[PDB]
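Below: one structure, written as structure tokens.
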Amino acid sequence: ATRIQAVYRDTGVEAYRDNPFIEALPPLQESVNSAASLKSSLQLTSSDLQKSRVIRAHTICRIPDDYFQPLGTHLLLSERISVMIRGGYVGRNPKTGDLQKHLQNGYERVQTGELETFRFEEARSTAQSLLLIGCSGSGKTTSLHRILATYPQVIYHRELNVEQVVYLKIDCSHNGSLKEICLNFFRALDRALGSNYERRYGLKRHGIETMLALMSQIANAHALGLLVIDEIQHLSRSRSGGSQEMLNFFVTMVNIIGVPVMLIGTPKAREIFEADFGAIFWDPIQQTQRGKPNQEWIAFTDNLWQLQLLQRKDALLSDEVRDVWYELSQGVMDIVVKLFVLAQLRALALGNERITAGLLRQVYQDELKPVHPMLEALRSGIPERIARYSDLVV
Amino acid sequence: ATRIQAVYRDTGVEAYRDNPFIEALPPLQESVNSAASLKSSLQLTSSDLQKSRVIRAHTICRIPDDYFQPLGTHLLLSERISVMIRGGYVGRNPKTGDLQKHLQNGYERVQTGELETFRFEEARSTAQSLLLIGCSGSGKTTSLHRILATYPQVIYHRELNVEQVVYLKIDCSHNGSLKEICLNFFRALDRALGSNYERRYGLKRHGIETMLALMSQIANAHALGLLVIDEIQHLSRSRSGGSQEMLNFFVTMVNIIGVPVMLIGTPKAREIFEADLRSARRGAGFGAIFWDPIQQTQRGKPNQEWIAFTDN
Amino acid sequence: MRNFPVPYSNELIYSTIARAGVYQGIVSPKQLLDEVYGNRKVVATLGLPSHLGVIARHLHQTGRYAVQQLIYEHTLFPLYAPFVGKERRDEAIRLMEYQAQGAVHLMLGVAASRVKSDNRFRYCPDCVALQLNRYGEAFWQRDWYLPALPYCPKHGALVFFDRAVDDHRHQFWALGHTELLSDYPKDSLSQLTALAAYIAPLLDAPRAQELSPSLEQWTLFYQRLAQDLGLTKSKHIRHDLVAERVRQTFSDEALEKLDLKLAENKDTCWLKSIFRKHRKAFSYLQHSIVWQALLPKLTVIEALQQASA
Amino acid sequence: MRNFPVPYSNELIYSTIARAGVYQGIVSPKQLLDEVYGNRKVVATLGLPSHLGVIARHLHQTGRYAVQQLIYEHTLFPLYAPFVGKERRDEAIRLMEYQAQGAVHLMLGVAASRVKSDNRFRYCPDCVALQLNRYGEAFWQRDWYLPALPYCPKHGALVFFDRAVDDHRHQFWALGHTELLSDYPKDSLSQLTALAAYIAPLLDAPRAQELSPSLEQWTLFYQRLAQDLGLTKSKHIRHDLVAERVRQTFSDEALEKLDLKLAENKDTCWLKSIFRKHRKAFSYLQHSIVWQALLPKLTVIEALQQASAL
DNA sequence: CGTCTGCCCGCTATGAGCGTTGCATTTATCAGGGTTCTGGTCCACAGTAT
Ligand SMILES: Nc1ncnc2c1ncn2[C@@H]1O[C@H](COP(=O)(O)OP(=O)(O)OP(O)(O)=S)[C@@H](O)[C@H]1O
Ligand SMILES: Nc1ncnc2c1ncn2[C@@H]1O[C@H](COP(=O)(O)OP(=O)(O)O)[C@@H](O)[C@H]1O
Ligand SMILES: [Mg+2]
Ligand SMILES: [Mg+2]
Ligand SMILES: [Zn+2]
Ligand SMILES: [Zn+2]
């Protein structure tokens with residue numbers, strides 16, 4: 001709970017002229033500066049190379065946690081999410097008296113139980129929706145965390161008495177239950193506020209038709225900027241005739257209530273959407289763009305290579321090493337870093353301090369057994385083989 | 001075990017600089033020297049030769065309970081266990097008190113225009129996992145009650161009030177039910193701290209999701225360091241649900257709970273995790289270890305390990 | 001509660017608590033009582049509330065609203081304190097903050113003042129339009145809920161919902177029936193509106209926090225008023241000139257609505273008693289009618305200052 | 001239970017049990033099931049009910065109504081009784097006296113067609129006037145709920161309304177005339193009405209109780225009939241003259257409606273299986289069509305007697 | 001006309017009936033297996049063409 005007092009800025013947009021919620025948000029960065037903000041890497045030191053073997057081997061294992069190198073798509077995602085967060089507060093101005101009319105419309109939705117009723121026709125929603133699909137290991141969670149780490153979440157206003165919540169993240173239940181998605185929301189809300197809402201709402205005997213309204217009203221008492229739901233493919237493994245009503249409620253909320261909604265899912269989750277939103281697609285990177293090597297792959301590999309703690313290290317990367325690195329990993333982001341770390345740890349353990357092709361082959365063959373069939377299918381390139389299995393590239 | 005009062009010792013790695021939980025642990029050791037610390041043997045070899053036959057039989061019956069001899073495959077496992085235990089504590093640093101002022105100063109400076117970019121906080125994503133596979137009778141539990149026996153279990157911190165449960169061990173059941181895995185956690189935590197978690201949480205009628213969201217709240221009050229799940233073979237479609245929910249439960253568990261998880265099983269239990277790239281990505285998150293029996297020879301000449309195991 | 005709505009301009013605490021219940025969607029009144037107050041046995045009081053410590057605790061993070069501001073800005077207290085006495089006023093201010101409901105009513109005699117409190121809810125058609133245009137909300141107002149005179153000072157009279165606050169002792173109710181509008185153009189007399197306009201600025205008076213004469217001061221000031229009006233005789237009263245002046249200023253039918261009628265035949269009337277020895281506290285109306293009848297050159301605050309002089 | 005109604009003339013026991021809770025003000029179906037039966041595991045079935053015997057216990061003092069009368073007079077059993085044979089009829093009769101519901105359907109293998117069809121509540125609007133002017137009550141009648149004919153043997157078509165028996169498993173429903181009146185004329189076929197009129201007197205015939213042939217009697221009867229009829233090949237069928245007679249007697253639309261469309265091209269036909277050696281029991285429709293096309297002047301009971309005696 | 005004698009009177013404690021609540025029980029949902037059932041299939045035989 002990063003509870004920080006608010007100071008009001010001076011934006012240049014005419015639509016954001018007097019809104020406290022938009023003015024209290026940190027200023028938006030340019031295209032150049034936003035990429036520089038996201039970049040992070042392990043610091044390393046000149047004296048760290050010459051230390052004990054254990055002291056080094058406990059430092060190589062920190063590479064995956066403290067390394068980030070943004071590609072082109074991350075800037076586009078950051079811009080889209082910033083626009084979605086900032087542009088949804090124009091219909092919920094508290095100074096003019098537009099937020100206080102949404103809260104009156106939402107009381108009778110609790111009383112009646114039907115989420116299409118209204119009392120003031122002047123109340124309007126100005127929210128949008130987003131959908132994200134990509135193969136496993138692409139980085140759909142860590143990139144979102146890095147993007148949203150810029151905003152301060154809980155902000156306290158003094159002239160008013162509200163505590164604006166800029167964003168919130170939950171995940172779908174494994175069971176596909178309808179009563180657990182409405183409880184994860186309350187748990188994640190009172191974890192980031194310190195309050196106790198699960199005892200108020202979850203504990204009482206409530207049907208889904210009224211939990212789906214209490215959830216939406218308590219999402220408006222605190223001005224909630226954005227809601228992101230992770231692992232959306234779990235909705236398929238639900239009771240018959242149960243997957244559709246949440247899909248209808250997530251689009252009722254954006255259209256009527258006004259709370260923006262973002263969804264993240266595996267390519268297995270398209271069969272419950274296309275058969276029954278704005279979609280942005282993510283794919284593994286490739287060496288060959290049109291007929292020449294893709295500069296981003298070389299950039300990523302070269303930036304990763306400077307993190308070695310080996311005493312006898314090669315100065316520059318050879319072409320064959322990069323070719324083997326791409327052949328074994330097949331472009332997925334998560335396998336690359338783990339293969340690097342495991343190969344380096346074996347290099348320390350054996351005694352030889354230089355990474356070679358044979359060392360990479362031995363580590364890949366011995367230590368990564370369970371991931372063999374999927375990478376082999378992706379390496380075959382046959383559409384029938386890639387279409388097999390699940391949670392792979394579309 | 002038992003509430004050992006903490007005594008802090010400095011660690012040579014920069015990232016482990018100021019964490020009470022990491023510093024209260026036993027000091028770092030070399031991999032070669034640590035594997036030799038597990039050796040044990042019987043001290044009665046010559047002094048007890050002349051005695052009655054029943055006493056000698058009673059002495060002989062205790063050979064497979066007190067004779068342990070390390071091999072070349074224990075040092076890798078010991079290193080992995082040490083790194084997994086110590087590396088999961090960096091994001092759980094309790095000693096911080098200047099966060100509010102620093103964050104507010106950064107906010108003011110980025111609002112006025114002096115500073116361009118800032119980073120407030122970031123949540124943690126996923127915990128390290130490991131897999132150990134080998135045939136039965138190969139020694140996957142005798143060799144792991146001794147790697148974890150060089151650590152204290154419960155440690156009491158004087159300045160704070162947390163009781164750092166260093167590790168915890170549970171076993172799967174023959175039924176393979178998903179509700180008896182969330183019910184052995186509370187029992188094993190009760191058999192160590194002498195608390196009353198099973199009555200408060202387990203006995204009430206709660207869903208598997210609600211009871212899994214309570215296992216990540218009492219694993220945070222006590223800074224639990226490692227969780228070991230043994231006999232993972234018994235989930236091979238034994239009972240209690242379909243394969244897809246049986247595979248979703250583990251993924252949600254790894255995503256939710258903050259502690260590292262280790263899994264031990266039989267060569268028939270890799271068919272569970274060899275089904276989709278998510279399961280194989282999380283099972284082999286920190287490498288996969290496959291164990292094989294001793295061979296007489298590797299290249300022409302006989303193995304020295306066989307000679308040393310059948311001579312001592 | 002997490003966040004408690006700030007009170008609007010000239011609004012009772014009853015409306016604020018009702019809005020606090022509305023904003024977070026708490027339908028069962030018992031749950032609202034659990035969330036705002038500690039216990040389930042606190043009554044819903046409209047005008048002169050108790051338990052005013054927890055509300056100020058809820059609004060603590062803001063630097064504006066304290067207990068003293070809540071006593072005089074969002075309560076009917078300012079028209080009770082100057083006419084009861086300094087010691088009793090100080091005891092009321094000290095005691096109403098803590099857990100005491102019947103004690104303050106018994107000590108100020110508000111329950112004894114009116115055997116039938118105007119428990120029926122009120123509604124001003126024209127004021128609600130300005131509230132909707134300005135704030136986007138509808139809330140109860142202090143000008144509507146005068147203890148005995150149901151006239152809005154700015155315009156006309158007040159319609160009645162006919163629902164009583166005493167029907168449910170544990171429910172806080174909010175004005176939200178789609179602003180139910182009806183025409184009730186009937187009026188008794190514009191003198192009632194003039195009296196309401198005269199007494200209205202007493203509610204918002206910074207100098208009303210400290211001015212509180214004593215019984216001896218009250219009787220000597222009334223004797224001085226009888227002297228300087230000149231309508232007094234040796235060891236007696238005129239008994240007719242003051243009645244003639246009141247009749248000129250106030251119509252008898254108008255006085256019928258205020259439940260106060262002059263009885264010249266019998267000697268229990270308040271008009272003689274207000275010039276005789278003071279032994280019991282008098283309401284604001286009984287002073288205000290005399291003020292409007294005999295001394296119209298001064299407003300209520302100036303008259304109070306002169307009396308305390 | 002103290003006052004269990006006696007069944008009306010030509011009524012299914014489903015209607016009787018349904019009225020046994022309208023006469024006493026029991027609304028919730030679970031209470032009615034707990035009173036009449038003592039269990040909440042019973043399933044409401046129109047035609048071929050089970051759990052009988054507890055119904056005969058309630059009507060004990062009225063000496064006439066026993067299990068045999070209820071089985072043979074107020075159910076659809078006589079439609080299936082003669083054609084199955086002597087071997088399974090006794091077993092089905094024994095099974096219907098106890099708590100085996102699906103076993104009765106399995107034993108009557110012609111009715112063991114897995115999932116059924118057309119479970120909507122039928123009625124005939126013309127007969128209800130007689131029911132109201134004679135008894136003061138309206139009830140389900142065995143004429144309406146023939147296994148495959150949605151026709152009344154005396155008036156014509158049946159007016160369906162879209163409520164299914166399997167929609168609510170444990171609820172017994174009784175017809176109400178205020179809800180009932182939804183009569184609208186429909187298309188009518190005279191040939192199927194004549195077939196229904198021909199097949200109706202089988203229900204109220206005492207001969208079907210104790211007379212049932214066997215498979216080899218059936219094939220001997222068919223082969224003797226074919227040989228005496230003269231339109232046969234050498235110990236085989238002409239496959240054309242019999243089919244032509246069937247088409248002359250009944251139109252193609254009628255057989256399409258009855259779900260027994262003739263298929264000359266394919267080798268597997270119901271008529272061909274009838275001619276060949278019998279391996280399983282057949283429905284009443286096929287036997288009735290064969291009898292009507294091949295014996296155009298003889299009644300059902302006498303035809304069955306001729307088939308069974310020799 | 002005021003304190004004592006009657007009078008008022010707000011208040012307080014108690015019990016029988018009615019309306020509300022939490023726990024245990026019943027009911028429903030879903031996956032897996034299986035075991036006979038029956039539905040179409042191929043083989044050998046009788047009668048007809050060279
Ligand atoms: N640009 C990047 N730079 C460095 N590491 C990256 C980058 N993108 C991804 N990673 C690594 O890849 C992993 C991120 O993937 P995850 O956080 O597991 O989410 P994911 O890729 O969506 O897989 P899911 O959620 O199971 S479908 C981490 O190990 C990161 O270190
Ligand atoms: N390094 C070793 N030296 C001596 N005995 C061993 C060693 N490793 C395992 N054993 C023996 O193996 C036996 C069985 O091991 P066990 O715990 O059953 O392994 P698992 O559960 O994998 O079968 C133990 O009694 C132990 O004596
Ligand atoms: Mg993810
Ligand atoms: Mg074992
Ligand atoms: Zn007004
Ligand atoms: Zn009819």
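By convention here, the chains of the structure tokens are called A, B, ... in the order presented, each chain's residues are numbered starting at 1, and ligands are numbered starting at 1 in the order presented.
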- Query: Which neighbours of residue B:282 fall inside 8 Å, counting only C-alpha atoms (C1' of nucleotides), when residues of the same chain fewer than 4 positions from it are skipped, and could you give them as an MDAnalysis selection string?
  - Reply: chainID B and resid 129 251 278
Using N, CA and C atoms, can you export the residues from the last selection as a PDB file, in the first residue's frame?
```pdb
ATOM      1  N   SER B 129      11.307 -23.723  -8.862  1.00  0.00           N
ATOM      2  CA  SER B 129      10.845 -25.089  -8.685  1.00  0.00           C
ATOM      3  C   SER B 129      11.883 -26.048  -9.246  1.00  0.00           C
ATOM      4  N   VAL B 251      -0.267 -25.419 -11.171  1.00  0.00           N
ATOM      5  CA  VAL B 251       0.119 -24.145 -11.768  1.00  0.00           C
ATOM      6  C   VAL B 251      -0.353 -22.985 -10.902  1.00  0.00           C
ATOM      7  N   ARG B 278       3.473 -25.122 -20.273  1.00  0.00           N
ATOM      8  CA  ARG B 278       3.428 -24.468 -18.967  1.00  0.00           C
ATOM      9  C   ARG B 278       3.918 -25.401 -17.864  1.00  0.00           C
TER      10      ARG B 278
END
```
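The protein and nucleic acid residues lying at most 9 Å from residue A:26 are residues 9, 150, 151 and 152 of chain A; 107, 110 and 111 of chain B, with only C-alpha atoms (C1' of nucleotides) considered and sequence neighbours fewer than 5 positions away removed.
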For the residues in that selection, give me N, CA and C atoms as a PDB file, in the first residue's frame.
```
ATOM      1  N   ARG A   9      -0.979  18.449 -10.932  1.00  0.00           N
ATOM      2  CA  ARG A   9      -0.147  18.900 -12.036  1.00  0.00           C
ATOM      3  C   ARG A   9      -0.933  19.864 -12.923  1.00  0.00           C
ATOM      4  N   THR A 150       5.206   1.909 -12.740  1.00  0.00           N
ATOM      5  CA  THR A 150       5.413   3.352 -12.792  1.00  0.00           C
ATOM      6  C   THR A 150       4.382   4.099 -11.949  1.00  0.00           C
ATOM      7  N   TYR A 151       3.122   3.670 -11.996  1.00  0.00           N
ATOM      8  CA  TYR A 151       2.035   4.304 -11.267  1.00  0.00           C
ATOM      9  C   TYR A 151       2.071   3.919  -9.788  1.00  0.00           C
ATOM     10  N   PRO A 152       1.613   4.803  -8.904  1.00  0.00           N
ATOM     11  CA  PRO A 152       1.739   4.566  -7.457  1.00  0.00           C
ATOM     12  C   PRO A 152       0.569   3.860  -6.784  1.00  0.00           C
TER      13      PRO A 152
ATOM     14  N   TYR B 107       7.994  11.085  -5.722  1.00  0.00           N
ATOM     15  CA  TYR B 107       6.750  11.530  -6.341  1.00  0.00           C
ATOM     16  C   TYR B 107       6.736  13.041  -6.531  1.00  0.00           C
ATOM     17  N   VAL B 110       9.195  13.999  -9.362  1.00  0.00           N
ATOM     18  CA  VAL B 110       8.734  13.662 -10.705  1.00  0.00           C
ATOM     19  C   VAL B 110       7.532  14.516 -11.093  1.00  0.00           C
ATOM     20  N   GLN B 111       6.759  14.994 -10.112  1.00  0.00           N
ATOM     21  CA  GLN B 111       5.634  15.868 -10.429  1.00  0.00           C
ATOM     22  C   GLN B 111       6.090  17.279 -10.787  1.00  0.00           C
TER      23      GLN B 111
END
```
- Using only C-alpha atoms (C1' of nucleotides) and all ligand atoms, find each residue with an atom at most 6 Å away from ligand 5 and format the answer as an MDAnalysis selection string. chainID C and resid 124 126:127 152 154:155
Got time to write the residues from that selection, N, CA, C and O atoms, as a tab-separated table (two decimals), in the first residue's frame?
```
chain	number	residue	atom	x	y	z
C	124	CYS	N	-38.40	20.37	0.39
C	124	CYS	CA	-38.62	21.67	-0.22
C	124	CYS	C	-38.45	21.56	-1.73
C	124	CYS	O	-37.33	21.28	-2.19
C	126	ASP	N	-38.20	23.77	-4.23
C	126	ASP	CA	-37.29	24.68	-4.92
C	126	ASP	C	-35.84	24.48	-4.50
C	126	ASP	O	-34.93	24.61	-5.32
C	127	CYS	N	-35.60	24.17	-3.22
C	127	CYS	CA	-34.23	23.95	-2.76
C	127	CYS	C	-33.62	22.71	-3.39
C	127	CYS	O	-32.42	22.70	-3.70
C	152	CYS	N	-39.72	27.11	5.18
C	152	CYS	CA	-38.41	27.38	4.59
C	152	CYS	C	-38.21	28.89	4.49
C	152	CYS	O	-39.05	29.59	3.92
C	154	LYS	N	-36.40	30.97	2.73
C	154	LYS	CA	-36.27	31.65	1.44
C	154	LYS	C	-37.58	31.67	0.67
C	154	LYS	O	-37.87	32.63	-0.05
C	155	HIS	N	-38.40	30.62	0.81
C	155	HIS	CA	-39.57	30.47	-0.04
C	155	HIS	C	-40.58	29.53	0.59
C	155	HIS	O	-40.23	28.41	0.98
```
Within 9 Å of chain A, which residues of chain B show up? Give each one with its shortest atom-to-atom distance in Å (one decimal) and the two atoms involved, counting only C-alpha atoms, rows by chain then rising residue number, as JSON lines.
```
{"residue": "B:11", "atom": "CA", "partner": "A:55", "partner_atom": "CA", "distance": 8.8}
{"residue": "B:12", "atom": "CA", "partner": "A:55", "partner_atom": "CA", "distance": 6.4}
{"residue": "B:13", "atom": "CA", "partner": "A:55", "partner_atom": "CA", "distance": 5.7}
{"residue": "B:14", "atom": "CA", "partner": "A:59", "partner_atom": "CA", "distance": 8.5}
{"residue": "B:15", "atom": "CA", "partner": "A:59", "partner_atom": "CA", "distance": 7.9}
{"residue": "B:28", "atom": "CA", "partner": "A:54", "partner_atom": "CA", "distance": 7.6}
{"residue": "B:29", "atom": "CA", "partner": "A:54", "partner_atom": "CA", "distance": 7.5}
{"residue": "B:30", "atom": "CA", "partner": "A:54", "partner_atom": "CA", "distance": 6.4}
{"residue": "B:31", "atom": "CA", "partner": "A:54", "partner_atom": "CA", "distance": 8.0}
{"residue": "B:76", "atom": "CA", "partner": "A:349", "partner_atom": "CA", "distance": 8.9}
{"residue": "B:83", "atom": "CA", "partner": "A:58", "partner_atom": "CA", "distance": 6.7}
{"residue": "B:87", "atom": "CA", "partner": "A:62", "partner_atom": "CA", "distance": 8.2}
{"residue": "B:99", "atom": "CA", "partner": "A:2", "partner_atom": "CA", "distance": 8.9}
{"residue": "B:100", "atom": "CA", "partner": "A:2", "partner_atom": "CA", "distance": 7.5}
{"residue": "B:103", "atom": "CA", "partner": "A:4", "partner_atom": "CA", "distance": 7.8}
{"residue": "B:104", "atom": "CA", "partner": "A:4", "partner_atom": "CA", "distance": 6.1}
{"residue": "B:107", "atom": "CA", "partner": "A:26", "partner_atom": "CA", "distance": 7.8}
{"residue": "B:108", "atom": "CA", "partner": "A:7", "partner_atom": "CA", "distance": 7.4}
{"residue": "B:110", "atom": "CA", "partner": "A:26", "partner_atom": "CA", "distance": 7.1}
{"residue": "B:111", "atom": "CA", "partner": "A:26", "partner_atom": "CA", "distance": 6.2}
{"residue": "B:112", "atom": "CA", "partner": "A:9", "partner_atom": "CA", "distance": 7.9}
{"residue": "B:113", "atom": "CA", "partner": "A:27", "partner_atom": "CA", "distance": 9.0}
{"residue": "B:116", "atom": "CA", "partner": "A:29", "partner_atom": "CA", "distance": 7.8}
{"residue": "B:117", "atom": "CA", "partner": "A:37", "partner_atom": "CA", "distance": 6.1}
{"residue": "B:118", "atom": "CA", "partner": "A:150", "partner_atom": "CA", "distance": 6.5}
{"residue": "B:119", "atom": "CA", "partner": "A:150", "partner_atom": "CA", "distance": 5.3}
{"residue": "B:120", "atom": "CA", "partner": "A:149", "partner_atom": "CA", "distance": 6.2}
{"residue": "B:121", "atom": "CA", "partner": "A:149", "partner_atom": "CA", "distance": 5.8}
{"residue": "B:122", "atom": "CA", "partner": "A:149", "partner_atom": "CA", "distance": 5.5}
{"residue": "B:123", "atom": "CA", "partner": "A:145", "partner_atom": "CA", "distance": 7.0}
{"residue": "B:124", "atom": "CA", "partner": "A:145", "partner_atom": "CA", "distance": 8.7}
{"residue": "B:125", "atom": "CA", "partner": "A:142", "partner_atom": "CA", "distance": 7.0}
{"residue": "B:208", "atom": "CA", "partner": "A:175", "partner_atom": "CA", "distance": 8.6}
{"residue": "B:209", "atom": "CA", "partner": "A:173", "partner_atom": "CA", "distance": 6.9}
{"residue": "B:210", "atom": "CA", "partner": "A:180", "partner_atom": "CA", "distance": 7.8}
{"residue": "B:213", "atom": "CA", "partner": "A:184", "partner_atom": "CA", "distance": 8.8}
{"residue": "B:244", "atom": "CA", "partner": "A:237", "partner_atom": "CA", "distance": 7.9}
{"residue": "B:245", "atom": "CA", "partner": "A:175", "partner_atom": "CA", "distance": 6.6}
{"residue": "B:248", "atom": "CA", "partner": "A:174", "partner_atom": "CA", "distance": 5.5}
{"residue": "B:249", "atom": "CA", "partner": "A:174", "partner_atom": "CA", "distance": 6.2}
{"residue": "B:251", "atom": "CA", "partner": "A:174", "partner_atom": "CA", "distance": 8.5}
{"residue": "B:252", "atom": "CA", "partner": "A:174", "partner_atom": "CA", "distance": 6.6}
{"residue": "B:270", "atom": "CA", "partner": "A:370", "partner_atom": "CA", "distance": 7.5}
{"residue": "B:273", "atom": "CA", "partner": "A:370", "partner_atom": "CA", "distance": 7.2}
{"residue": "B:274", "atom": "CA", "partner": "A:370", "partner_atom": "CA", "distance": 5.7}
{"residue": "B:275", "atom": "CA", "partner": "A:389", "partner_atom": "CA", "distance": 7.6}
{"residue": "B:276", "atom": "CA", "partner": "A:390", "partner_atom": "CA", "distance": 6.0}
{"residue": "B:277", "atom": "CA", "partner": "A:391", "partner_atom": "CA", "distance": 6.5}
{"residue": "B:278", "atom": "CA", "partner": "A:136", "partner_atom": "CA", "distance": 6.4}
{"residue": "B:279", "atom": "CA", "partner": "A:370", "partner_atom": "CA", "distance": 8.7}
{"residue": "B:280", "atom": "CA", "partner": "A:370", "partner_atom": "CA", "distance": 5.3}
{"residue": "B:281", "atom": "CA", "partner": "A:371", "partner_atom": "CA", "distance": 6.8}
{"residue": "B:283", "atom": "CA", "partner": "A:370", "partner_atom": "CA", "distance": 7.8}
{"residue": "B:284", "atom": "CA", "partner": "A:368", "partner_atom": "CA", "distance": 6.6}
{"residue": "B:285", "atom": "CA", "partner": "A:338", "partner_atom": "CA", "distance": 7.8}
{"residue": "B:286", "atom": "CA", "partner": "A:338", "partner_atom": "CA", "distance": 7.5}
{"residue": "B:287", "atom": "CA", "partner": "A:367", "partner_atom": "CA", "distance": 5.3}
{"residue": "B:288", "atom": "CA", "partner": "A:367", "partner_atom": "CA", "distance": 5.2}
{"residue": "B:289", "atom": "CA", "partner": "A:367", "partner_atom": "CA", "distance": 6.6}
{"residue": "B:290", "atom": "CA", "partner": "A:367", "partner_atom": "CA", "distance": 8.3}
```
- Once DSSP has gone over the backbone, tell me which residues of stretch 78-323 of chain A are in helix (DSSP H, G or I), as number ranges by chain. A: 78-86, 99-112, 142-148, 181-191, 198-202, 208-221, 232-235, 243-257, 267-270, 295-305, 319-323
- Message: Neighbouring residues of stretch 98-104 of chain C were defined as those with any atom within 8 Å, considering only C-alpha atoms (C1' of nucleotides); residues of the same chain fewer than 2 positions away were excluded. Please report them as an MDAnalysis selection string.
- Response: chainID C and resid 49:53 92 94:96 106:108
Pick out the residues no farther than 9 Å from ligand 6, counting only C-alpha atoms (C1' of nucleotides) and all ligand atoms, and list them as a tab-separated table (two decimals) with N, CA, C and O atoms, in the first residue's frame.
```tsv
chain	number	residue	atom	x	y	z
D	123	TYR	N	-53.25	-34.34	-25.69
D	123	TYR	CA	-54.66	-34.43	-25.33
D	123	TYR	C	-55.51	-34.30	-26.58
D	123	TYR	O	-55.05	-33.87	-27.63
D	124	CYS	N	-56.77	-34.71	-26.44
D	124	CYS	CA	-57.76	-34.62	-27.51
D	124	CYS	C	-58.87	-33.68	-27.06
D	124	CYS	O	-59.56	-33.97	-26.07
D	125	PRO	N	-59.10	-32.55	-27.75
D	125	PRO	CA	-60.05	-31.56	-27.21
D	125	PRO	C	-61.50	-32.01	-27.28
D	125	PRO	O	-62.33	-31.48	-26.52
D	126	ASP	N	-61.84	-32.94	-28.17
D	126	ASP	CA	-63.23	-33.38	-28.28
D	126	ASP	C	-63.63	-34.31	-27.15
D	126	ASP	O	-64.78	-34.26	-26.69
D	127	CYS	N	-62.72	-35.17	-26.68
D	127	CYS	CA	-63.06	-36.12	-25.64
D	127	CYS	C	-63.21	-35.45	-24.28
D	127	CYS	O	-63.91	-35.97	-23.40
D	128	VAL	N	-62.57	-34.29	-24.09
D	128	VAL	CA	-62.63	-33.61	-22.80
D	128	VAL	C	-64.03	-33.10	-22.52
D	128	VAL	O	-64.45	-33.03	-21.36
D	143	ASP	N	-56.08	-43.99	-24.78
D	143	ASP	CA	-56.16	-43.79	-26.22
D	143	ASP	C	-55.16	-42.75	-26.69
D	143	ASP	O	-54.53	-42.91	-27.74
D	144	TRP	N	-55.01	-41.66	-25.93
D	144	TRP	CA	-54.16	-40.56	-26.37
D	144	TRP	C	-52.70	-40.97	-26.44
D	144	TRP	O	-52.00	-40.63	-27.41
D	151	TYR	N	-52.79	-39.83	-32.60
D	151	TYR	CA	-54.15	-39.73	-33.11
D	151	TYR	C	-55.12	-40.44	-32.18
D	151	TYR	O	-54.78	-41.44	-31.54
D	152	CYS	N	-56.34	-39.90	-32.11
D	152	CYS	CA	-57.46	-40.42	-31.34
D	152	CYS	C	-58.30	-41.34	-32.22
D	152	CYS	O	-58.67	-40.94	-33.33
D	153	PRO	N	-58.61	-42.56	-31.77
D	153	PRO	CA	-59.31	-43.51	-32.65
D	153	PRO	C	-60.72	-43.10	-33.03
D	153	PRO	O	-61.35	-43.82	-33.82
D	154	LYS	N	-61.25	-42.00	-32.51
D	154	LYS	CA	-62.62	-41.60	-32.81
D	154	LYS	C	-62.78	-40.15	-33.26
D	154	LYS	O	-63.86	-39.80	-33.74
D	155	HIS	N	-61.76	-39.30	-33.11
D	155	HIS	CA	-61.94	-37.89	-33.43
D	155	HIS	C	-60.88	-37.37	-34.40
D	155	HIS	O	-61.19	-36.54	-35.26
D	156	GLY	N	-59.64	-37.83	-34.27
D	156	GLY	CA	-58.60	-37.38	-35.17
D	156	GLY	C	-57.29	-37.04	-34.50
D	156	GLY	O	-56.75	-37.83	-33.72
D	157	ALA	N	-56.76	-35.85	-34.80
D	157	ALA	CA	-55.44	-35.46	-34.33
D	157	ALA	C	-55.46	-35.12	-32.84
D	157	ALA	O	-56.52	-34.98	-32.22
D	158	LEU	N	-54.27	-35.00	-32.27
D	158	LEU	CA	-54.08	-34.66	-30.87
D	158	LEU	C	-53.43	-33.29	-30.76
D	158	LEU	O	-52.52	-32.97	-31.52
```
